[PDB]
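Q: Here it is: the structure, laid out below.
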Amino acid sequence: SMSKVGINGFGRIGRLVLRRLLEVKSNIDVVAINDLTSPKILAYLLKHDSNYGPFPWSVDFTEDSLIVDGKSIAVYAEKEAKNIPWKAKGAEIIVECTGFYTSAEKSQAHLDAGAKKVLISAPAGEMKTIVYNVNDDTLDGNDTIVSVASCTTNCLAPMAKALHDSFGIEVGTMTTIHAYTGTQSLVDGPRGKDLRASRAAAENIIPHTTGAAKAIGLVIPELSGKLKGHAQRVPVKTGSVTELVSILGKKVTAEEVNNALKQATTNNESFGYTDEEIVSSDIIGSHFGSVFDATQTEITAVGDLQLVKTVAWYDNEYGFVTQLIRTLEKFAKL
Amino acid sequence: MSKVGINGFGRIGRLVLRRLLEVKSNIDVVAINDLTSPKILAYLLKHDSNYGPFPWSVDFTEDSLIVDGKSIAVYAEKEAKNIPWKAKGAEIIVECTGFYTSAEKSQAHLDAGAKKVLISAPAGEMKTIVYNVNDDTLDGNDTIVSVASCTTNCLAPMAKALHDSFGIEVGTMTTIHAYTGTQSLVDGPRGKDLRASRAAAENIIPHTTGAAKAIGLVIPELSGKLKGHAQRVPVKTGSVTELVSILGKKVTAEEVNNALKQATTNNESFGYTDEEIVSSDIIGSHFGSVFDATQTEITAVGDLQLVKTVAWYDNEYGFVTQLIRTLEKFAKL
Amino acid sequence: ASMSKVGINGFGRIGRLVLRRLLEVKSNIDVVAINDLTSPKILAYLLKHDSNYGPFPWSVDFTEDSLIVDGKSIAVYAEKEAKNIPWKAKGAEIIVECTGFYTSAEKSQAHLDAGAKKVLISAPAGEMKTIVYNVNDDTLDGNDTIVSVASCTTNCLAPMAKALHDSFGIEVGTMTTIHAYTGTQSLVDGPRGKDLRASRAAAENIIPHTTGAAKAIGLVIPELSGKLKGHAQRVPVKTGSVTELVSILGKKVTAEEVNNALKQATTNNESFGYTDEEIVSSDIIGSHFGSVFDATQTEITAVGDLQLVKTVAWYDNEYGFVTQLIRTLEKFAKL
Amino acid sequence: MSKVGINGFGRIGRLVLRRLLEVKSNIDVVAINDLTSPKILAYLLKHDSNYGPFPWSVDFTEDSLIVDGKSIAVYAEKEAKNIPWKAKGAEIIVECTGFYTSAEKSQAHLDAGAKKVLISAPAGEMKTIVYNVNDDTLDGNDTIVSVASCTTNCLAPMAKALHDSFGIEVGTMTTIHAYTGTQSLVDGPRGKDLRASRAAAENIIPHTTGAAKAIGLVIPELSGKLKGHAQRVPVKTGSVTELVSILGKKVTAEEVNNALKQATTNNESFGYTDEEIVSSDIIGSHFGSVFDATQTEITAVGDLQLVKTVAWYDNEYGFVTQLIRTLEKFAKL
Ligand SMILES: NC(=O)c1ccc[n+]([C@@H]2O[C@H](COP(=O)([O-])OP(=O)(O)OC[C@H]3O[C@@H](n4cnc5c(N)ncnc54)[C@H](O)[C@@H]3O)[C@@H](O)[C@H]2O)c1
Ligand SMILES: NC(=O)c1ccc[n+]([C@@H]2O[C@H](COP(=O)([O-])OP(=O)(O)OC[C@H]3O[C@@H](n4cnc5c(N)ncnc54)[C@H](O)[C@@H]3O)[C@@H](O)[C@H]2O)c1
Ligand SMILES: NC(=O)c1ccc[n+]([C@@H]2O[C@H](COP(=O)([O-])OP(=O)(O)OC[C@H]3O[C@@H](n4cnc5c(N)ncnc54)[C@H](O)[C@@H]3O)[C@@H](O)[C@H]2O)c1
Ligand SMILES: NC(=O)c1ccc[n+]([C@@H]2O[C@H](COP(=O)([O-])OP(=O)(O)OC[C@H]3O[C@@H](n4cnc5c(N)ncnc54)[C@H](O)[C@@H]3O)[C@@H](O)[C@H]2O)c1
């Protein structure tokens with residue numbers, strides 16, 4: 001049940017994709033990587049990680065490859081995906097991690113370069129969009145290009161699904177307090193057209209737009225147009241948290257909300273539970289897409305009116321990557 | 001009244017003096033009580049990690065600070081009752097230690113010779129003032145009053161404007177808030193509070209606040225209608241409060257923003273921006289709260305509507321401007 | 001039939017990491033008691049959740065008077081004064097003194113009054129027997145009762161200094177360590193005893209800081225006694241630090257010759273590592289060495305006969321130092 | 001020459017304009033070249049994460065900024081040779097991009113119709129000026145010159161003082177330096193430089209710098225006598241330079257301190273402190289360097305002696321004060 005994989009964009013997500021596949025001893029063989037740099041620099045960045053520490057396997061490079069745990073992985077440096085020589089090592093499924101091919105029409109260039117399927121590590125417009133253990137049963141053997149949405153969608157979606165299923169969500173808004181990422185800036189300076197993105201990320205609370213709630217109907221069709229939200233980007237290197245304020249279809253207590261969620265996390269490798277008073281560094285390295293936090297649940301009620309606040313943590317790097325890999329393994333088998 | 005003692009010469013305490021002198025007030029700080037030496041209080045007054053060098057000359061002797069040429073006595077009584085407020089003639093005590101946060105406790109200050117107490121924190125069930133929301137509840141008989149928390153001074157003007165314009169029926173707040181001294185630098189015990197034990201500059205840390213819970217003291221019609229909490233994050237000062245409300249009227253973002261723009265007009269306490277600011281831009285603000293029209297969001301499904309409004313606050317210096325606005329008035333009664 | 005029962009006094013950053021490392025290495029040493037100033041509940045929470053190293057790798061539960069760690073019960077006491085700790089209840093023999101409040105022989109001998117047999121102090125503690133493992137642990141003997149492992153900084157500096165002095169001679173030197181902030185500092189600007197600089201917000205400043213690592217190096221390397229001075233610059237990283245030594249040596253060297261001597265001193269040495277990779281401080285986090293010499297930073301400045309040599313070593317001032325503490329403890333326990 | 005253009009409207013570029021306005025310079029900034037829209041440049045000028053709100057008005061058009069009411073043309077030419085400096089008559093270009101740090105490269109601004117270039121960084125073997133150390137060497141016929149680095153502006157006045165008083169025979173420097181835009185926010189490729197590829201706000205990152213090696217361009221008698229390097233650390237601005245020297249005379253610390261105190265007297269570029277300051281206290285400094293008497297250390301064994309001296313610098317605003325001093329003189333020759 002092998003399938004050969006190529007990684008396009010060996011960055012925070014792309015490097016963690018290899019990390020995780022070796023960690024779970026996946027049957028997937030990673031045979032090629034495409035980025036914009038030398039094998040040398042990619043070896044350095046794979047070996048040493050500011051968030052997750054030394055790579056658990058050996059790493060070397062040659063003039064045109066990485067040698068990871070004694071296995072050779074070709075390195076290419078093609079700016080445009082249609083020029084990547086994917087057939088040279090039979091890379092059949094591309095894990096598209098650059099941020100620059102987030103649509104069907106743009107990821108087509110990997111199929112034109114000779115791959116069979118593309119799994120995109122970000123929202124990619126109206127395409128099949130999977131949160132593993134929420135809607136992965138919609139994957140079938142005709143799918144060629146799919147998205148796993150954002151970290152934030154993988155955090156939000158299981159909480160939202162559980163609340164919808166148990167109580168119905170009539171309307172809600174989300175705020176995620178999110179670690180800073182590579183889309184931001186180190187010192188104040190231009191960052192494309194987003195003004196807030198131009199600002200020094202480790203020195204500010206920065207409001208930030210995200211489509212996690214807005215496009216939740218790709219993942220949970222029943223909640224199409226029922227959710228909005230945004231992010232506040234904050235100075236932590238990884239580890240994030242998602243609050244959702246909802247009007248539910250039934251009146252509830254906090255205990256009742258927590259039981260329902262506990263039930264949804266039972267035998268669920270994607271969605272965990274805590275009643276410990278954890279903080280974001282405690283989620284770093286999580287193997288869940290989302291961890292519901294029963295300690296932060298809140299019911300505000302006056303007469304026939306009730307607001308329900310529910311909160312879940314996520315490691316927007318490694319946690320999300322575990323979800324991406326669950327999805328890759330199923331997408332490779334169909 | 002024109003003479004002030006400060007108890008607790010901390011982040012708040014020191015900025016009080018700074019603000020008074022900034023506005024050339026005719027209130028004079030004549031005495032300070034804390035736990036340390038005038039050497040160390042001078043060092044900290046002069047050198048501030050958040051606001052840079054003090055704008056006036058500072059010096060010290062063994063029992064005093066010398067600030068812009070004027071002498072301020074320094075005491076170090078553990079217990080407020082021992083403070084000789086009488087010596088230098090201190091009429092009003094700005095209480096900033098965090099340790100006398102009630103009517104009974106701040107009484108010690110009157111016992112030690114001062115007429116009135118303004119507490120820099122929530123302080124139970126007393127007159128609790130957000131200037132430019134409910135400062136006209138203050139009368140000449142009042143002796144001991146609160147200015148609530150930073151978060152209170154952020155939330156109350158926003159809630160006031162929305163409630164007057166539209167009605168708030170119910171809401172929940174989250175403030176994404178700068179770490180403060182009640183937290184820990186490294187992981188280790190901080191009384192009984194598990195989350196306050198964790199390294200503050202390396203974590204997003206959920207935290208209890210009763211700014212929403214106790215909003216009734218400031219806006220009596222909203223009693224029991226709001227709840228909320230904080231997420232404490234690694235910025236040294238500058239914070240932001242989000243309120244999700246159910247309003248008594250359907251609204252657009254543009255309507256919400258114009259009602260707020262209007263409430264902020266010629267309003268010393270409560271400002272407005274439609275610029276794409278971030279937390280560092282609020283550092284040194286002269287408002288208690290700055291409504292950010294860029295973050296307004298209306299989520300509507302039929303007859304159901306969630307309204308998210310967002311306002312920034314310098315939880316240090318912004319809040320202090322309010323404390324000093326209230327102090328200026330309280331000293332005239 | 002060697003000493004096998006430990007008590008930890010001060011279950012803090014160092015104290016909790018002592019237990020962690022003992023379990024990691026499958027030590028035959030059993031931690032039977034902990035003394036701190038708090039409830040089992042809070043110590044359990046802190047042990048389970050660590051901002052720097054992540055989730056405890058073993059099970060953690062607690063009762064009203066104990067912790068249960070990997071299924072093994074550990075008594076918890078809360079005695080502010082060491083002389084009242086009831087060490088004899090579970091038979092604690094060696095105390096790992098990690099509070100910071102008992103940094104002398106006079107102070108720490110209170111644990112002996114309290115029923116323990118020996119004390120190992122996780123910090124410099126005046127002129128008592130002071131051990132950097134794999135530098136001068138051969139000086140430790142059966143009669144040693146109270147001993148120090150000096151600081152994180154001493155455990156970083158000493159093996160570099162030892163190699164250099166052995167190979168070339170150190171005539172004189174000055175150290176600066178760029179060091180993670182620690183609990184002795186302040187979160188926000190406010191009083192912190194009488195040290196002015198320690199009053200300043202640690203995660204928002206570069207803060208000069210006095211350390212005796214160099215001053216007191218003679219305790220560990222007798223021939224360098226009074227030959228070194230130094231200080232620290234505390235900076236906003238949570239853990240991971242680096243020590244620079246600038247020396248006048250007794251011989252003209254090249255950078256290559258200094259690197260090869262250092263390489264050789266780090267061979268078959270579990271305490272002292274070597275690197276020639278372009279690493280940064282987060283890469284030293286969780287290191288099992290007390291010191292890692294970095295050949296990339298070596299620098300020889302020479303004008304005629306005047307020569308200055310700068311050598312640089314990383315250290316994880318929490319975990320890496322803890323590994324050294326544990327190496328010394330294991331030895332201590334069997335003398 | 002009164003008319004200036006800025007290439008690279010970055011941290012240095014923007015603070016150049018801010019400082020010129022602050023000292024009410026007679027220099028007229030007429031044009032700015034960068035890579036982006038006047039809208040984005042306006043936003044960045046208005047709101048500064050390190051120094052707060054811009055003290056003057058800022059607006060924009062599709063091709064200009066309006067700053068304090070004055071129009072500044074905005075161009076977006078990634079090759080300096082195509083920047084149309086002749087349009088508004090920009091004569092002196094303040095070259096702040098990092099991409100033209102050599103005579104051969106900056107020559108392009110002259111080809112593009114300017115008369116002089118002042119580079120905000122080391123630029124090899126050309127006239128390199130640390131103001132109040134070697135500005136006397138600036139010559140009427142110089143058309144391309146350097147102000148070296150931040151670090152060079154810190155080190156040079158301290159080295160000069162020590163060398164003139166005691167003779168510096170050999171020495172080595174380490175600067176513990178705030179992170180800059182040459183580093184990375186998250187771990188990722190940053191050219192060929194491996195350490196620049198690492199998350200700057202989460203690491204101590206050793207970094208090469210020529211400030212010591214190139215010192216001869218500023219203090220010729222010290223050519224080849226110094227070496228050094230930096231450690232980049234998680235502060236947003238404000239840095240400190242340590243120098244360890246063998247001097248030509250035995251000294252005490254008071255002696256070194258006194259000598260340095262004397263060098264700083266009446267010196268707009270080179271300050272002195274004997275207060276226990278930390279890095280945030282240097283932010284917004286108007287000196288190129290502030291010598292710190294509190295950190296001086298003399299280590300002596302027999303006849304050998306090592307002297308450690310230490311100076312703070314605001315690598316952004318402090319350095320820029322030097323750039324401006326140099327610019328004002330350069331404009332008048
Ligand atoms: N928190 C997170 O970081 C996170 C979470 C979920 C999803 N994502 C998404 O995953 C994707 C990558 O995020 P990241 O944080 O890893 O970003 P990143 O900047 O760390 O990595 C991107 C990598 O792609 C390379 N690259 C850029 N353009 C390229 C091109 N044309 N061809 C080949 N390589 C190219 C870069 O050199 C870099 O190595 C983005 O879509 C992002 O939205 C990120
Ligand atoms: N920092 C904020 O964001 C903020 C905002 C609004 C309100 N407040 C409130 O203002 C008060 C002070 O907060 P802070 O951040 O200034 O705290 P802080 O810890 O900075 O300062 C407290 C000062 O009081 C001193 N102190 C402690 N116990 C004392 C006693 N018994 N007698 C005299 N001095 C004593 C300390 O030495 C210190 O200088 C608190 O009640 C807090 O809730 C803080
Ligand atoms: N980088 C480091 O953190 C480092 C490295 C080397 C050595 N050290 C040394 O190790 C010791 C501990 O450092 P730490 O960083 O773990 O400090 P910490 O403040 O994290 O831990 C101190 C612990 O001891 C407790 N404590 C304080 N006084 C007490 C008493 N009288 N009785 C019982 N418990 C008490 C505290 O509650 C806390 O749990 C200090 O001597 C320090 O110098 C620290
Ligand atoms: N601490 C410091 O930041 C510091 C101190 C002293 C000297 N310097 C030096 O000054 C120079 C600028 O540093 P900075 O920190 O301002 O950098 P920065 O990256 O903040 O600014 C660079 C600016 O130049 C622009 N730019 C890039 N390439 C360009 C091009 N080809 N044409 C036009 N504009 C371009 C960018 O968009 C940006 O606005 C560098 O040479 C640096 O070494 C920096």
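Ordering of the structure tokens sets the chain letters (A, B, ...), residue numbers begin anew at 1 in every chain, and ligands are numbered from 1 in the order given.
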Identify, counting only C-alpha atoms and all ligand atoms, the protein, DNA and RNA residues located within 7 Å of ligand 2, and give them as a ChimeraX atom specification.
A: /B:7-13,33-36,76-80,96-99,120-121,149-150,180-182,315-316,319 /C:188-191
Q: Any idea what's packed within 10 Å of residue 156 of chain C, counting only C-alpha atoms, ignoring anything in its chain fewer than 3 positions away? Could you give it as a PyMOL selection string?
A: chain C and resi 132+151-153+159-161+177+213+241-244+271-272+289-293+312-317+320-321
Q: For the residues in that selection, give me N, CA and C atoms as an mmCIF file, in the first residue's frame.
A:
```
data_model
loop_
_atom_site.group_PDB
_atom_site.id
_atom_site.type_symbol
_atom_site.label_atom_id
_atom_site.label_comp_id
_atom_site.auth_asym_id
_atom_site.auth_seq_id
_atom_site.Cartn_x
_atom_site.Cartn_y
_atom_site.Cartn_z
ATOM 1 N N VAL C 132 32.472 20.078 38.961
ATOM 2 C CA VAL C 132 32.036 20.004 37.575
ATOM 3 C C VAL C 132 32.368 18.610 37.057
ATOM 4 N N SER C 151 27.308 26.603 39.086
ATOM 5 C CA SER C 151 26.178 27.035 38.260
ATOM 6 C C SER C 151 26.178 26.341 36.918
ATOM 7 N N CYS C 152 25.066 26.540 36.220
ATOM 8 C CA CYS C 152 24.976 26.232 34.768
ATOM 9 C C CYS C 152 26.224 26.819 34.054
ATOM 10 N N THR C 153 26.589 28.057 34.391
ATOM 11 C CA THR C 153 27.629 28.765 33.680
ATOM 12 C C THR C 153 28.972 28.094 34.009
ATOM 13 N N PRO C 159 34.685 23.143 31.363
ATOM 14 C CA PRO C 159 35.412 22.145 30.548
ATOM 15 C C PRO C 159 36.178 22.823 29.406
ATOM 16 N N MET C 160 35.665 23.961 28.932
ATOM 17 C CA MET C 160 36.375 24.743 27.896
ATOM 18 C C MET C 160 37.676 25.278 28.439
ATOM 19 N N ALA C 161 37.612 25.879 29.623
ATOM 20 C CA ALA C 161 38.812 26.353 30.296
ATOM 21 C C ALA C 161 39.821 25.293 30.624
ATOM 22 N N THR C 177 28.745 35.615 29.361
ATOM 23 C CA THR C 177 27.705 34.684 28.954
ATOM 24 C C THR C 177 26.455 35.372 28.572
ATOM 25 N N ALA C 213 30.724 32.687 38.063
ATOM 26 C CA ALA C 213 31.308 31.504 37.412
ATOM 27 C C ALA C 213 32.817 31.554 37.167
ATOM 28 N N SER C 241 21.720 29.065 26.415
ATOM 29 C CA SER C 241 22.664 30.107 26.729
ATOM 30 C C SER C 241 23.998 29.817 26.076
ATOM 31 N N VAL C 242 24.880 30.801 26.101
ATOM 32 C CA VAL C 242 26.194 30.642 25.473
ATOM 33 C C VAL C 242 27.199 31.423 26.243
ATOM 34 N N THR C 243 28.373 30.863 26.396
ATOM 35 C CA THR C 243 29.483 31.452 27.109
ATOM 36 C C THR C 243 30.670 31.716 26.168
ATOM 37 N N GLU C 244 31.126 32.983 26.121
ATOM 38 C CA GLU C 244 32.336 33.398 25.413
ATOM 39 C C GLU C 244 33.436 33.641 26.422
ATOM 40 N N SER C 271 29.952 14.605 29.226
ATOM 41 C CA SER C 271 29.591 15.933 29.751
ATOM 42 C C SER C 271 29.779 17.129 28.773
ATOM 43 N N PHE C 272 30.714 16.970 27.826
ATOM 44 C CA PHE C 272 31.284 18.028 26.963
ATOM 45 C C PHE C 272 31.147 17.574 25.482
ATOM 46 N N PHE C 289 24.477 17.496 27.466
ATOM 47 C CA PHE C 289 25.818 17.913 27.819
ATOM 48 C C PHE C 289 25.719 19.056 28.734
ATOM 49 N N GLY C 290 26.764 19.256 29.566
ATOM 50 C CA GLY C 290 26.868 20.466 30.376
ATOM 51 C C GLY C 290 27.343 21.645 29.580
ATOM 52 N N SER C 291 28.079 21.351 28.508
ATOM 53 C CA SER C 291 28.722 22.385 27.674
ATOM 54 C C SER C 291 28.861 21.785 26.278
ATOM 55 N N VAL C 292 28.599 22.546 25.224
ATOM 56 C CA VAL C 292 28.919 22.171 23.813
ATOM 57 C C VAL C 292 29.794 23.263 23.142
ATOM 58 N N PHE C 293 31.082 22.958 23.019
ATOM 59 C CA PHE C 293 31.999 23.860 22.307
ATOM 60 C C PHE C 293 31.583 23.994 20.834
ATOM 61 N N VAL C 312 34.014 29.723 22.437
ATOM 62 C CA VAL C 312 32.580 29.866 22.689
ATOM 63 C C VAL C 312 31.928 28.513 22.847
ATOM 64 N N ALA C 313 31.132 28.365 23.918
ATOM 65 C CA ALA C 313 30.403 27.104 24.140
ATOM 66 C C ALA C 313 28.954 27.332 24.492
ATOM 67 N N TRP C 314 28.066 26.540 23.891
ATOM 68 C CA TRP C 314 26.640 26.550 24.264
ATOM 69 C C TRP C 314 26.334 25.742 25.517
ATOM 70 N N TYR C 315 25.189 26.013 26.130
ATOM 71 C CA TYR C 315 24.671 25.196 27.195
ATOM 72 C C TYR C 315 23.235 25.442 27.418
ATOM 73 N N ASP C 316 22.511 24.348 27.631
ATOM 74 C CA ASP C 316 21.182 24.406 28.165
ATOM 75 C C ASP C 316 21.223 24.519 29.694
ATOM 76 N N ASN C 317 21.125 25.779 30.129
ATOM 77 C CA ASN C 317 21.235 26.127 31.511
ATOM 78 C C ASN C 317 20.231 25.478 32.419
ATOM 79 N N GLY C 320 20.697 20.871 30.447
ATOM 80 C CA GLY C 320 22.074 20.409 30.227
ATOM 81 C C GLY C 320 22.811 20.367 31.547
ATOM 82 N N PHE C 321 22.676 21.464 32.306
ATOM 83 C CA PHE C 321 23.206 21.549 33.637
ATOM 84 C C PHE C 321 22.636 20.445 34.517
#
```
Q: Which residues of chain B come within 9 Å of ligand 3, and for each one, what is the closest pair of atoms and their distance in Å to one decimal, counting only C-alpha atoms and all ligand atoms, sorted by chain and residue number, as JSON lines?
A:
```
{"residue": "B:186", "atom": "CA", "partner": "ligand 3", "partner_atom_place_in_ligand_line": "20 (O)", "distance": 6.7}
{"residue": "B:187", "atom": "CA", "partner": "ligand 3", "partner_atom_place_in_ligand_line": "20 (O)", "distance": 6.9}
{"residue": "B:188", "atom": "CA", "partner": "ligand 3", "partner_atom_place_in_ligand_line": "39 (O)", "distance": 5.8}
{"residue": "B:189", "atom": "CA", "partner": "ligand 3", "partner_atom_place_in_ligand_line": "37 (O)", "distance": 6.1}
{"residue": "B:190", "atom": "CA", "partner": "ligand 3", "partner_atom_place_in_ligand_line": "37 (O)", "distance": 8.9}
```
Q: Mind pulling up the distance from atom CA of residue 257 of chain C to atom CA of residue 215 of chain C?
A: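 Spanning atom CA of residue 215 of chain C to atom CA of residue 257 of chain C is a straight-line distance of 26.9 Å.
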Q: Give me, as an mmCIF file with C-alpha atoms, in the first residue's frame, the residues of chain C touching chain D, with the criterion being at most 6 Å (counting only C-alpha atoms).
A:
```
data_model
loop_
_atom_site.group_PDB
_atom_site.id
_atom_site.type_symbol
_atom_site.label_atom_id
_atom_site.label_comp_id
_atom_site.auth_asym_id
_atom_site.auth_seq_id
_atom_site.Cartn_x
_atom_site.Cartn_y
_atom_site.Cartn_z
ATOM 1 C CA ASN C 205 15.459 43.656 27.715
ATOM 2 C CA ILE C 206 19.114 42.854 27.467
ATOM 3 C CA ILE C 207 20.106 42.948 31.147
ATOM 4 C CA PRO C 236 14.754 37.145 26.224
ATOM 5 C CA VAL C 280 21.460 28.599 17.446
ATOM 6 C CA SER C 281 20.275 28.577 21.048
ATOM 7 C CA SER C 282 16.946 26.638 20.555
#
```
Q: Based on DSSP run over this structure's backbone, return all residues of segment 71-127 of chain D in strand (DSSP E), as a PyMOL selection string.
A: chain D and resi 71-75+92-95+116-119
Q: Those same residues, written as a tab-separated table (two decimals), in the first residue's frame with N, CA, C and O atoms?
A:
```
chain	number	residue	atom	x	y	z
D	71	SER	N	4.72	67.65	-0.16
D	71	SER	CA	4.69	66.55	-1.10
D	71	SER	C	6.08	65.94	-1.26
D	71	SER	O	7.02	66.65	-1.48
D	72	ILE	N	6.14	64.60	-1.21
D	72	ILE	CA	7.33	63.81	-1.50
D	72	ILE	C	6.98	62.80	-2.58
D	72	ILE	O	6.10	61.96	-2.39
D	73	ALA	N	7.67	62.89	-3.72
D	73	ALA	CA	7.39	61.95	-4.83
D	73	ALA	C	7.81	60.52	-4.40
D	73	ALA	O	8.77	60.35	-3.63
D	74	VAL	N	7.10	59.51	-4.90
D	74	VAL	CA	7.36	58.10	-4.53
D	74	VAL	C	7.61	57.31	-5.82
D	74	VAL	O	6.74	57.27	-6.67
D	75	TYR	N	8.77	56.70	-5.99
D	75	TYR	CA	9.03	55.87	-7.17
D	75	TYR	C	9.21	54.43	-6.71
D	75	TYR	O	9.37	54.18	-5.54
D	92	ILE	N	21.32	64.59	-3.08
D	92	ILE	CA	21.95	63.65	-2.16
D	92	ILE	C	20.99	62.51	-1.91
D	92	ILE	O	19.85	62.72	-1.50
D	93	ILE	N	21.46	61.31	-2.23
D	93	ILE	CA	20.69	60.10	-1.98
D	93	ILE	C	21.18	59.42	-0.69
D	93	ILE	O	22.39	59.12	-0.52
D	94	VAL	N	20.22	59.16	0.20
D	94	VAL	CA	20.47	58.43	1.45
D	94	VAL	C	20.07	57.00	1.11
D	94	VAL	O	18.89	56.71	0.91
D	95	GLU	N	21.09	56.19	0.88
D	95	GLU	CA	20.99	54.81	0.31
D	95	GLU	C	20.82	53.83	1.51
D	95	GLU	O	21.80	53.54	2.24
D	116	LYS	N	25.53	63.16	-5.04
D	116	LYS	CA	26.15	62.50	-3.87
D	116	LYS	C	25.30	61.31	-3.38
D	116	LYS	O	24.07	61.31	-3.53
D	117	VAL	N	25.98	60.32	-2.77
D	117	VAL	CA	25.33	59.19	-2.10
D	117	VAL	C	25.94	59.00	-0.72
D	117	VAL	O	27.14	58.94	-0.60
D	118	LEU	N	25.08	58.89	0.28
D	118	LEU	CA	25.44	58.54	1.64
D	118	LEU	C	24.79	57.14	1.83
D	118	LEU	O	23.55	57.05	1.96
D	119	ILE	N	25.63	56.12	1.96
D	119	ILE	CA	25.18	54.74	2.25
D	119	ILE	C	25.05	54.48	3.77
D	119	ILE	O	26.01	54.69	4.53
```
